[PDB]
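Everything below concerns the one structure shown next.
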Amino acid sequence: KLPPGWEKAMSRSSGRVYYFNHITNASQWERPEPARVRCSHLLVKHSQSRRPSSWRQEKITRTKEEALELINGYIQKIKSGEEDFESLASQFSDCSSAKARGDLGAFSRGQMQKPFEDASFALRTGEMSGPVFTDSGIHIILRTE
């Protein structure tokens, strides 16, 4: 009955049923392929990233755990409406796509790191991922088309 990738869960703090996607790491309260997709992302690197450097910081020394805390904060702020995805990507994404509000443009299967690709294609149009881990760092992914 659930579509692929989705499972039922209950909140630990409230008991309320929600649904979680183990490909995109998205979670939502409601019960829930193209040749190409277009996405934007926000990348937070850490000391084990393949290249631990960006436009923001020449040497990135934060731990994978500190990177995840930052990603989770940004997700909260985006979900609350307190900040826009695009604004946070432009400020805080450790990737030159920050200068395009995080836009990567359109892409096919075969082109990106696999966890990124699978999350991207498993998102609905307009849906945002949870934290997505790759050799580059931890991503928030927004599917725009």
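By convention here, the chains of the structure tokens are called A, B, ... in the order presented, each chain's residues are numbered starting at 1, and ligands are numbered starting at 1 in the order presented.
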
Can you list, as a count of residues only, all residues belonging to chain A that DSSP tags as alpha helix (DSSP H)? 34

Tell me which protein, DNA and RNA residues are within 10 Å of residue 41 of chain A, counting only C-alpha atoms, leaving out same-chain ones fewer than 3 positions away, and put them as a CSV table (one decimal) with C-alpha atoms, in the first residue's frame.
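As a result, out-v8.csv now contains:
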```
chain,number,residue,atom,x,y,z
A,44,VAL,CA,27.8,20.9,4.3
A,85,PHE,CA,16.1,27.0,1.0
A,86,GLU,CA,17.6,29.3,-1.6
A,88,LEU,CA,20.5,29.2,3.0
A,89,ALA,CA,22.1,27.5,0.0
A,90,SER,CA,23.5,30.8,-1.2
A,93,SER,CA,26.5,25.6,0.8
A,95,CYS,CA,29.9,24.2,-3.3
A,97,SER,CA,26.5,26.1,-6.9
A,98,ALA,CA,25.8,28.3,-3.9
A,101,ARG,CA,21.0,29.5,-5.0
A,102,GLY,CA,22.1,25.9,-5.0
A,103,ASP,CA,20.8,25.0,-8.5
A,104,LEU,CA,22.5,22.2,-10.3
A,116,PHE,CA,22.6,11.9,-4.6
A,120,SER,CA,16.9,13.1,-6.4
A,128,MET,CA,13.0,18.3,-0.2
A,129,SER,CA,15.2,15.5,1.2
A,138,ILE,CA,26.0,15.9,3.7
A,139,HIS,CA,23.3,17.4,1.3
A,140,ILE,CA,19.8,18.8,1.5
A,141,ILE,CA,18.3,18.2,-1.9
A,142,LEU,CA,15.3,20.1,-3.4
A,143,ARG,CA,13.8,18.7,-6.5
```

Residues near residue 8 of chain A, anyone? I mean within 8 Å using only C-alpha atoms, not counting same-chain ones fewer than 6 positions away, as a PyMOL selection string. chain A and resi 17-20

Show me, as a list in words, the residues that have an atom within 8 Å of residue 125 of chain A when counting only C-alpha atoms, minus same-chain residues fewer than 2 positions from it.
residues 123, 127, 143, 144 and 145 of chain A

Print the selection's residues with N, CA and C atoms to a file, as a CSV table (one decimal), in the first residue's frame.
```
chain,number,residue,atom,x,y,z
A,123,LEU,N,12.6,11.8,-4.9
A,123,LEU,CA,11.8,13.0,-4.6
A,123,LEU,C,10.7,13.2,-5.5
A,127,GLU,N,9.6,18.5,-3.6
A,127,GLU,CA,9.9,17.9,-2.3
A,127,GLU,C,11.4,18.0,-2.0
A,143,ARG,N,14.1,19.0,-5.1
A,143,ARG,CA,13.8,18.7,-6.5
A,143,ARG,C,12.9,19.8,-7.1
A,144,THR,N,13.3,20.4,-8.1
A,144,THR,CA,12.6,21.6,-8.6
A,144,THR,C,11.8,21.3,-9.9
A,145,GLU,N,12.2,20.2,-10.6
A,145,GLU,CA,11.5,19.8,-11.8
A,145,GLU,C,11.8,18.3,-12.0
```

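Atom CA of residue 37 of chain A to atom CA of residue 82 of chain A spans 26.9 Å [interatomic distance, one decimal].
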
According to DSSP computed on the backbone, where in chain A is there strand (DSSP E or B)? Give the residues as a ChimeraX atom specification. /A:6-10,17-21,27-28,36-44,103-108,128,132-134,137-143

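The interatomic distance for the pair atom CA of residue 108 of chain A and atom CA of residue 4 of chain A works out to 20.4 Å.
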
Counting only C-alpha atoms, what is within 10 Å of residue 66 of chain A, bar same-chain residues fewer than 6 positions away, as a VMD selection string? chain A and resid 44 to 46 72

Go ahead and save the picked residues with N, CA and C atoms, as an mmCIF file, in the first residue's frame.
```cif
data_model
loop_
_atom_site.group_PDB
_atom_site.id
_atom_site.type_symbol
_atom_site.label_atom_id
_atom_site.label_comp_id
_atom_site.auth_asym_id
_atom_site.auth_seq_id
_atom_site.Cartn_x
_atom_site.Cartn_y
_atom_site.Cartn_z
ATOM 1 N N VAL A 44 26.990 20.585 3.134
ATOM 2 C CA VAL A 44 27.837 20.916 4.268
ATOM 3 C C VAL A 44 28.980 19.870 4.275
ATOM 4 N N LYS A 45 30.205 20.304 4.017
ATOM 5 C CA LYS A 45 31.332 19.329 4.021
ATOM 6 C C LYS A 45 31.800 19.165 5.459
ATOM 7 N N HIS A 46 32.675 18.166 5.593
ATOM 8 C CA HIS A 46 33.280 17.887 6.848
ATOM 9 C C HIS A 46 34.715 17.394 6.642
ATOM 10 N N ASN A 72 20.794 19.637 9.997
ATOM 11 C CA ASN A 72 19.473 19.481 10.672
ATOM 12 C C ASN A 72 18.921 20.833 11.042
#
```

What separates atom CA of residue 114 of chain A and atom CA of residue 71 of chain A is a distance of 19.6 Å

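Restricting the calculation to only C-alpha atoms, the smallest distance between residue 68 of chain A and any of A:131, A:6, A:50, A:115 is found for A:131.
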
For residue 35 of chain A, find every residue with an atom within 12 Å (counting only C-alpha atoms), except residues of its own chain fewer than 4 positions away, and show them as an mmCIF file with N, CA and C atoms, in the first residue's frame.
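So the final result, stored in around_37.cif, reads:
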```cif
data_model
loop_
_atom_site.group_PDB
_atom_site.id
_atom_site.type_symbol
_atom_site.label_atom_id
_atom_site.label_comp_id
_atom_site.auth_asym_id
_atom_site.auth_seq_id
_atom_site.Cartn_x
_atom_site.Cartn_y
_atom_site.Cartn_z
ATOM 1 N N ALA A 106 19.588 20.456 -14.697
ATOM 2 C CA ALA A 106 18.874 19.179 -14.952
ATOM 3 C C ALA A 106 19.925 18.129 -15.240
ATOM 4 N N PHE A 107 19.635 16.901 -14.870
ATOM 5 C CA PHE A 107 20.622 15.823 -15.010
ATOM 6 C C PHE A 107 19.911 14.485 -15.075
ATOM 7 N N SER A 108 20.659 13.523 -15.630
ATOM 8 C CA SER A 108 20.216 12.145 -15.839
ATOM 9 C C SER A 108 20.837 11.212 -14.846
ATOM 10 N N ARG A 109 20.328 9.990 -14.852
ATOM 11 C CA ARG A 109 21.013 8.935 -14.118
ATOM 12 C C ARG A 109 22.371 8.674 -14.745
ATOM 13 N N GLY A 110 23.373 8.451 -13.930
ATOM 14 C CA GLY A 110 24.733 8.213 -14.440
ATOM 15 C C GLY A 110 25.688 9.351 -14.150
ATOM 16 N N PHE A 121 16.019 11.334 -7.725
ATOM 17 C CA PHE A 121 14.965 10.688 -8.478
ATOM 18 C C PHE A 121 13.787 10.152 -7.677
ATOM 19 N N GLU A 145 12.214 20.227 -10.588
ATOM 20 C CA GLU A 145 11.520 19.762 -11.811
ATOM 21 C C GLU A 145 11.786 18.264 -11.986
#
```
